Trainee: 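Quick one: this structure, given as structure tokens, is what I'll be asking you about.
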Amino acid sequence: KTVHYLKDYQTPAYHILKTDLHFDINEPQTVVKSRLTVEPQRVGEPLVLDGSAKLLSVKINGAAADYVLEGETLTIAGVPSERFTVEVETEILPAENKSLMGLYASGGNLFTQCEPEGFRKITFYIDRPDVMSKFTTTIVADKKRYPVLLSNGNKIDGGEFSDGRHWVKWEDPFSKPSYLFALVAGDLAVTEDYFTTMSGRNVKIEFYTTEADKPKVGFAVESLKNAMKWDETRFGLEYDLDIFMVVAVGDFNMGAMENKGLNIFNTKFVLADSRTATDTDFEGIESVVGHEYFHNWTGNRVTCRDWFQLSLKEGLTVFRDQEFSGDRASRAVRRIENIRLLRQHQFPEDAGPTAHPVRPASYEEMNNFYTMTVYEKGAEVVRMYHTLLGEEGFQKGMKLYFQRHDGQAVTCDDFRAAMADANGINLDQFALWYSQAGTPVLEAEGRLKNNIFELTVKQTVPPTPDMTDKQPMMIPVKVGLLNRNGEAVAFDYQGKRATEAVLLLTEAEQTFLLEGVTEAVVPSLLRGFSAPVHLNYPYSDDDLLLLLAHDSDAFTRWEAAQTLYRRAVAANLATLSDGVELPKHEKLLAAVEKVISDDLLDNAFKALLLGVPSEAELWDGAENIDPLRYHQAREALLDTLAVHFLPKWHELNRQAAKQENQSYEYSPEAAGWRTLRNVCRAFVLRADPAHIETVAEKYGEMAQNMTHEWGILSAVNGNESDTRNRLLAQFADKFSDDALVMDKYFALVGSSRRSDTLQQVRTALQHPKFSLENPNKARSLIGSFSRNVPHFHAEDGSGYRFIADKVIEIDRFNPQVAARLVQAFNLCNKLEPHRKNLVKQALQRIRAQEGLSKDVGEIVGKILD
Ligand SMILES: NCc1cccc(C[C@H](CP(=O)(O)[C@@H](N)CCc2ccccc2)C(=O)O)c1
Ligand SMILES: NCc1cccc(C[C@H](CP(=O)(O)[C@@H](N)CCc2ccccc2)C(=O)O)c1
Ligand SMILES: [Zn+2]
């Protein structure tokens with residue numbers, strides 16, 4: 001089996017200077033012709049082209065080449081010593097392409113997806129990101145069937161042919177890697193707008209959607225204009241073409257793609273209106289539209305040397321999107337949401353069998369590395385430069401990065417060196433953030449003696465499958481101090497008297513001396529989640545109530561609440577285990593009452609403070625896990641909270657209905673009241689399931705936007721009443737024509753805690769609006785089921801067998817989706833023996849499939865072997 005290793009990187013033997021492409025689209029076949037201008041770098045080496053499309057011909061300077069094709073590689077030994085041309089002709093059947101990588105059909109239109117290695121599914125090429133070329137693309141198609149013909153860059157020519165056909169030619173003058181190629185052909189509607197760059201140049205903006213979907217694109221257009229302006233104001237970065245196209249597609253393996261000047265978006269990240277999309281959905285559009293635009297500099301103008309460097313573009317662009325969203329509105333709440341995501345989804349990755357560094361040292365299938373570690377831990381790593389350097393220093397690094405590397409394909413090391421060099425500091429130890437996997441664990445203890453608060457901190461990083469030796473890392477720990485009434489206490493550190501400091505841990509163990517401390521203190525630690533680590537410090541439950549009630553930092557208050565909930569769940573696990581009554585949780589209930597009643601808290605922040613960690617967070621670090629015991633303990637906690645405060649959940653609901661004030665459109669202010677209301681709805685229906693019939697009676701009146709419809713449906717989704725099934729059927733009927741709302745229906749089907757979810761899911765497979773071949777549908781139904789703790793982890797193994805069967809089926813046509821799904825089994829080694837045995841059986845059955853993809857094989861191997 002082939003493994004690719006970062007240590008084996010070598011510059012290409014050949015460059016491609018110019019890439020001329022011609023697409024002749026017919027029914028059913030598209031013929032692609034290329035003309036490649038090739039420049040030897042290591043003269044005399046064989047020319048090796050990657051490719052998997054049907055090959056019709058290959059020429060070297062106009063003459064039939066003497067070549068061999070074996071597997072997905074075409075090799076020509078007989079090549080000239082000077083510049084030469086290669087012409088390839090391939091044939092593609094796009095409607096047969098259910099992988100959604102390469103050239104494929106969707107909705108009767110044609111789209112491409114090339115990142116990372118899809119271009120080689122279109123033609124034979126040197127399909128690696130360090131080969132940058134200047135592309136010109138000609139497209140010829142039936143004008144009635146495909147009136148819209150797009151590719152990267154500037155449209156330089158076009159015309160009509162007398163048999164009903166037409167053509168266009170696009171020139172993209174910026175040399176680029178093949179992964180950023182795109183082509184679209186279709187009958188699509190356009191929404192036009194524009195932005196004027198700070199140098200005074202207009203940029204024509206065009207969003208292409210189905211005709212029916214066009215009324216839902218306006219928020220995405222506004223978001224793009226906001227993102228363009230922000231990259232100018234915050235980073236000094238301007239767009240570089242007079243045209244920026246975005247195309248929505250409903251069959252897409254990921255959220256969006258930054259193809260130069262012609263971004264391609266999953267509909268879920270471009271279409272919204274308040275009737276059909278939730279506030280969270282609007283927030284997502286804003287994030288993703290921003291993300292793809294930000295890639296124009298961080299990814300496109302400066303690209304990746306090789307795919308091991310993916311985080312160079314993705315960590316940095318995620319950081320950029322996070323900062324954009326934060327600057328738009330609600331920064332602290334949005335930062336907590338990001339940290340919560342990281343801990344819920346990336347920490348388990350780093351603790352599991354598929355753990356990898358931010359910059360992996362090897363891979364078998366690169367599509368298995370578009371992960372939370374590369375993206376979200378990647379962004380934390382970027383954010384640490386900002387914490388260490390400040391905004392001004394961070395911008396000095398950015399400035400040198402582009403000065404050095406505009407137009408090049410570079411590495412994570414180059415980014416680090418620009419930050420270091422622009423600021424005149426040594427960041428050599430920081431490199432370990434790219435090369436060492438695993439979540440660092442800090443053990444800290446503190447002591448006020450004399451007038452010094454002495455904080456001792458030790459760090460360790462566990463072995464991961466790829467590496468045992470982990471050396472000490474460069475870890476910024478942001479700190480303050482609270483007195484007995486929870487106000488800030490100043491202290492002295494490196495000459496400055498302040499109420500906050502960043503303590504830079506670089507050794508395995510260090511002591512920090514915060515001097516001049518005149519009162520009894522409790523430290524506030526890792527403020528703003530200043531490094532992506534586990535911190536253990538001995539806090540009493542009273543210390544936690546103090547932090548929650550009084551700390552000035554959002555993260556540390558939220559962390560105090562999270563810790564109180566974790567301790568409460570642990571207490572419930574102990575009683576349920578001893579067969580005794582549940583704990584009183586008197587102190588937790590006191591703290592929650594204070595939160596509910598505090599009217600100075602931001603409402604979205606209140607909502608977060610009332611969220612209990614997920615089962616996966618709760619069983620982090622455990623062995624021999626019975627997931628249903630954790631689910632039982634967590635549900636008992638939520639039930640206690642629901643019942644104990646029932647009258648107050650209704651009261652907060654009413655206050656939020658009043659403060660929303662009939663403002664049903666999306667805005668950040670209205671959205672935070674709604675977020676709060678939806679937390680209250682959930683608790684009300686937990687305590688009083690019969691309230692579902694009152695809900696039903698007044699549904700139409702409550703259903704004023706999709707945030708409310710989703711909030712209600714989410715709250716009743718686990719209810720055993722027949723009404724729950726009736727409300728869901730009514731939802732499916734009401735929104736049957738909106739594929740993105742049908743995704744929500746299937747997600748409710750798959751996520752329900754009712755006892756009958758598995759057979760409802762099986763029925764849903766055959767719903768007329770379900771398609772297994774559509775990634776959004778498959779993720780919503782099957783994906784949700786795979787994350788549905790009581791059902792996926794059912795003792796009988798029915799959940800495991802069902803998910804295994806669907807990995808097997810999906811893998812036949814879309815290995816990417818299948819390899820993401822099969823990660824539901826990642827907990828295997830840590831499960832109690834009965835479930836573990838069943839998980840291993842499911843994974844052996846997957847392995848035993850003939851023709852199993854490399855994608856799924858790589859993952860299964862990591863879990864099993
Ligand atoms: N490393 C710099 C570089 C190298 C190679 C190609 C480019 C493309 C760019 C594109 P273009 O010829 O389409 C130019 N006329 C666009 C001007 C413009 C218009 C509107 C908004 C921003 C910029 C140009 O030469 O400015 C840049
Ligand atoms: N942090 C804001 C945010 C939230 C959710 C989704 C995204 C876009 C990113 C897509 P991307 O720009 O990184 C793209 N380079 C991924 C490449 C890819 C690979 C395979 C198939 C389709 C697309 C993704 O799908 O995770 C962004
Ligand atoms: Zn990206």
Side-chain angles (χ1 to χ4, degrees), residues 99-102 104 111-118 129 132 134-135 152-156 170-176 179-180 182 194-205 227-228 232 237-244 249 251-261 263-266 268-269 283-296 298-304 307 310-325 334 337-338 341 366-372 374-376 378-379 402 405-408 775 779 814-817 820 855:
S99 73
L100 318 176
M101 174 81 48
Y104 66 91
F111 309 83
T112 56
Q113 172 57 212
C114 293
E115 185 184 356
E117 297 179 336
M132 298 172 86
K134 299 192 174 145
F135 286 66
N152 314 84
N154 292 314
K155 188 179 174 171
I156 61 165
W170 290 88
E171 183 184 89
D172 184 347
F174 291 103
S175 295
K176 65 170 173 284
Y179 80 85
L180 294 175
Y194 77 109
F195 176 83
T196 312
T197 67
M198 65 182 160
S199 66
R201 284 297 290 271
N202 284 165
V203 182
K204 185 190 292 187
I205 291 167
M228 290 182 78
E232 290 186 343
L237 298 172
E238 289 174 76
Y239 191 60
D240 60 338
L241 291 167
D242 68 13
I243 176 61
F244 185 82
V249 64
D251 290 284
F252 207 65
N253 290 329
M254 308 262 269
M257 178 66 216
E258 69 265 26
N259 315 111
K260 181 71 168 191
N263 292 179
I264 295 171
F265 276 65
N266 189 316
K268 74 178 301 197
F269 296 109
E283 292 166 29
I285 288 166
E286 177 177 75
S287 298
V288 176
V289 163
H291 186 101
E292 301 314 323
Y293 180 74
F294 301 148
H295 268 315
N296 191 51
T298 54
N300 298 4
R301 287 292 288 243
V302 183
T303 198
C304 301
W307 292 115
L310 181 58
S311 198
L312 177 69
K313 77 182 174 78
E314 302 299 348
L316 179 49
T317 308
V318 167
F319 174 76
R320 287 155 52 61
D321 85 57
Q322 286 180 352
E323 284 306 295
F324 169 60
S325 295
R334 289 172 181 188
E337 304 171 329
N338 297 326
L341 181 66
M366 190 57 210
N367 279 114
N368 281 333
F369 295 81
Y370 283 72
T371 56
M372 297 281 307
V374 170
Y375 278 67
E376 303 302 322
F402 296 121
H405 305 302
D406 195 3
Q408 304 187 332
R779 324 251 303 247
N814 190 333
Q816 283 178 63
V817 171
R820 276 317 275 194
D855 309 50

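Ligands are counted one by one from 1 in listed order, and the atoms in each one are counted from 1 as well. For this chain, numbers begin at 1 and follow the sequence in order.
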Trainee: Go through ligand 2 atom by atom and flag the ones less than 4.0 Å from a non-hydrogen atom of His295.
Mentor: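 Near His295, meaning under 4.0 Å from one of its heavy atoms, ligand 2 has 12 (O).
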Trainee: Between the Zn ion (ligand 3) and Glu292, is there an N, O or S atom separated by less than 2.8 Å?
Mentor: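 Here the distance criterion (N, O or S atom, under 2.8 Å) is not met by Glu292, so no.
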Trainee: Number the atoms of ligand 2 from 1 as they appear, then name those within less than 4.0 Å of a heavy atom of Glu115, with their elements.
Mentor: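 So the answer, numbered in order with elements, is 14 (C), 15 (N), 17 (C), 19 (C), 20 (C).
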Trainee: Less than 4.0 Å is my threshold; does some heavy atom of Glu238 fall inside it relative to ligand 1?
Mentor: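 No.
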Trainee: Of the protein's non-hydrogen atoms, which lies at the shortest distance from atom 8 (C) of ligand 2, and what is that distance?
Mentor: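 Closest protein heavy atom to atom 8 (C) of ligand 2: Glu292 OE2, 3.4 Å.
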Trainee: Geometry only, no angles: is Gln113 polar-contacting ligand 2 at N/O separations under 3.5 Å?
Mentor: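 No, since none of the N or O atoms of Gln113 sits under 3.5 Å from an N or O of ligand 2.
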Trainee: Return the residue, atom name and 0.1 Å-rounded distance of the protein heavy atom closest to atom 21 (C) of ligand 2.
Mentor: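 Result for atom 21 (C) of ligand 2: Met254 CG, 3.2 Å.
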Trainee: Ignoring angles and geometry beyond distance, decide whether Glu376 reaches within less than 3.5 Å of ligand 2 through its nitrogen or oxygen atoms.
Mentor: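 Min N/O separation from ligand 2 is not below 3.5 Å for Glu376.
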Trainee: State the atoms of ligand 1, each with its element, that fall below the 4.0 Å cut-off from a heavy-atom position in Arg201.
Mentor: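 In order of numbering, the contacting atoms are 19 (C), 20 (C), 21 (C).
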Trainee: Should one rank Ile243, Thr196, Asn154, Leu241 by closest heavy-atom distance to atom 20 (C) of ligand 1, which comes out on top?
Mentor: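 Heavy atom nearest to atom 20 (C) of ligand 1 belongs to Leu241.
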Trainee: How close does the nearest protein non-hydrogen atom get to atom 13 (O) of ligand 2, and which residue and atom is it?
Mentor: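 The answer is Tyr375 OH, 2.5 Å.
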Trainee: By number and element, which atoms of ligand 2 are closer than 4.0 Å to a non-hydrogen atom of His291?
Mentor: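 Every atom of ligand 2 under 4.0 Å from some heavy atom of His291: 1 (N), 2 (C), 11 (P), 12 (O), 13 (O), 27 (C).
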Trainee: Evaluating non-hydrogen atoms only, which member of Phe174, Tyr239, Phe195 is closest to atom 4 (C) of ligand 1?
Mentor: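 Looking at heavy atoms only, the winner is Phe174.
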Trainee: For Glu314 and ligand 2, does the shortest N/O to N/O distance drop below 3.5 Å?
Mentor: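 Looking only at distances, the answer is yes, because the N/O contact criterion of under 3.5 Å is met.
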Trainee: How far apart are the closest heavy atoms of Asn814 and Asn253, and which atoms are they?
Mentor: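 Here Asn814 and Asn253 meet closest at ND2-OD1, 2.9 Å.
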Trainee: Any idea which protein heavy atom is nearest atom 24 (C) of ligand 2, and the distance to it?
Mentor: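 For atom 24 (C) of ligand 2, the nearest protein heavy atom is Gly255 N, 4.0 Å.
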Trainee: Under 3.5 Å, is there a donor-acceptor pair between the side chain of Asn152 and the main chain of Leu180?
Mentor: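 The answer is yes, because a donor-acceptor pair under 3.5 Å joins these two groups.
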Trainee: Among protein heavy atoms, which sits nearest to atom 7 (C) of ligand 2, and what does the distance come to when rounded to 0.1 Å?
Mentor: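 Going atom by atom, the protein heavy atom closest to atom 7 (C) of ligand 2 ends up being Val288 CG2, 3.8 Å.
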Trainee: Inspect the contact between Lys260 and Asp172 and indicate whether a charged nitrogen and a carboxylate oxygen are less than 4.0 angstrom apart.
Mentor: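 Salt bridge: no.
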Trainee: Just to confirm my output: which protein heavy-atom neighbour is closest to atom 6 (C) of ligand 1, and how far is it?
Mentor: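 Scanning the protein heavy atoms, the shortest distance from atom 6 (C) of ligand 1 goes to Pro173 O, 3.4 Å.
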Trainee: What residue and heavy atom of the protein are closest to atom 16 (C) of ligand 1, and at what distance?
Mentor: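 Protein heavy atom at minimum distance: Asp240 O, 3.8 Å.
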Trainee: Check ligand 1 against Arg301 and write out every atom of the ligand that is under 4.0 Å from a heavy-atom position of the residue.
Mentor: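 Every atom of ligand 1 under 4.0 Å from some heavy atom of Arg301: 1 (N), 2 (C).
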Trainee: With under 30° as parallel and over 60° as perpendicular, where do the rings of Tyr375 and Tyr370 fit, or are they tilted in between?
Mentor: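 The arrangement is tilted - the two ring planes meet at 30° to 60°.
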Trainee: Quick one: does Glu171's side chain have a donor or acceptor within less than 3.5 Å of a partner on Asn154's backbone?
Mentor: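 Such a contact is absent between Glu171 side chain and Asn154 backbone.
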Trainee: Against ligand 2, does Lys313 come closer than 4.0 Å with any heavy atom?
Mentor: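 It does; at least one heavy atom falls under 4.0 Å.
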Trainee: Can you tell whether the side chains of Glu258 and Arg320 come within less than 4.0 Å, N to carboxylate O?
Mentor: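 The answer is no: the pair does not qualify as a salt bridge.
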Trainee: In this structure, are over 12 heavy atoms from other groups packed under 6.0 Å from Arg779 atom CZ?
Mentor: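 No, the 6.0 Å shell around CZ holds no more than 12 heavy atoms from other groups.
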Trainee: Out of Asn338, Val318, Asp321, whose heavy atom sits nearest atom 1 (N) of ligand 2?
Mentor: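 Selected option, by shortest heavy-atom distance: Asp321.
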Trainee: Name the one of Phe319, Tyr239, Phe324 that satisfies ring-ring contact (aromatic ring centres under 6.0 Å, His included) with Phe294?
Mentor: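 By the ring-ring contact (aromatic ring centres under 6.0 Å, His included) criterion, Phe294 pairs with just one of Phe319, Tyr239, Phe324: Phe324.
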